[PDB]
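Coming up is one lone chain in structure tokens, specifically the form deposited in one PDB entry.
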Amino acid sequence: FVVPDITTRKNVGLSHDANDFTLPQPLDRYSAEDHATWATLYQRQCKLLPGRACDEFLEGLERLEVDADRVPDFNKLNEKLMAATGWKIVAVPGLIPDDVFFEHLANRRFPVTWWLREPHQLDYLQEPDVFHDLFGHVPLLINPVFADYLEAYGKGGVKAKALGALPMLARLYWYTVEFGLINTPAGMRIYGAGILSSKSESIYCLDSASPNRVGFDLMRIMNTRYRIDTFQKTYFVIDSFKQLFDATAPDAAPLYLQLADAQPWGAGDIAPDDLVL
């Protein structure tokens, strides 16, 4: 009753660094179908994202020359990214160990799953793939403030691992980099990669009365559970990317220790002290 999963199937015949888990992007492995799936996904997202995605995201797609019609060549994209913020993307097989992921970010390397979902999975894939990782995550790396936030997040991995607090950082990442909203004078916009690559979450997170929208608060977020297989019950809202970066500056160690003893908020809870939008 067990068959190899998509990550295993896609990486047949390929290898990865046993410590940093990178490989050269295997350009030869992309089929015509892959390029067509990419183009379909790209087109679908670009139709639905105007007035929903933050303006910086859509600008980043353009400035980085993210291919509309084929899976991007990572090396070519890196020429633009490096000149902008000194970041680059690196190819990985799929999910990688946490300390490796943090080490990458700490060194301004963004790990991107190299392979793409199959066409029958157009609507949704549970695993990260190159569409979610590249299209969703990479365009904001052109923004120097957002890029510094990621670098600072990466550097915080060492302290968090030493204190048994990686899950608390994982929650911060989830509720910002993956599922964050940013308020603007024009209305609420989206910066989270998991929403930006989604067929439908883009609609729900802005239009539905169902989810909570709560002002960003570092300690609250680090004490908040999430689930991976459903639309978010709570979205955290920032005023600016500067708020994220500034949140990483003070000593996180006493926050971890105070939370180690604590009971976390459920994914759909509102805390007594929340600023509820």
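Numbers for residues come from their place in the sequence shown, where the first is 1.
Omitted from view is the form deposited with a small molecule bound, to which the following refers.
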query: Contact check for 59, 67 and 140 against the small molecule in the deposited bound form, heavy atom at 4.5 Å; finding: no
query: Listed range touching the small molecule, judged in the deposited bound form by heavy atoms within 4.5 Å, from 80-88, 165-173, 179-187, 193-201; finding: 165-173
query: Non-hydrogen atom contact residue 130 with the small molecule in the deposited bound form at 4.5 angstroms; finding: no
query: Heavy atom of residue 206 within 4.5 Å of the small molecule in the deposited bound form; finding: no
query: 4.5 angstroms heavy atom contact with the small molecule in the deposited bound form for residue 74; finding: no
query: Contact flag, residue 125 vs the small molecule in the deposited bound form, heavy atom cut 4.5 Å; finding: no
query: Among the candidates 116, 147, 134, 92, the residue which, in the deposited bound form, approaches the small molecule to within 4.5 Å (heavy atoms); finding: 92
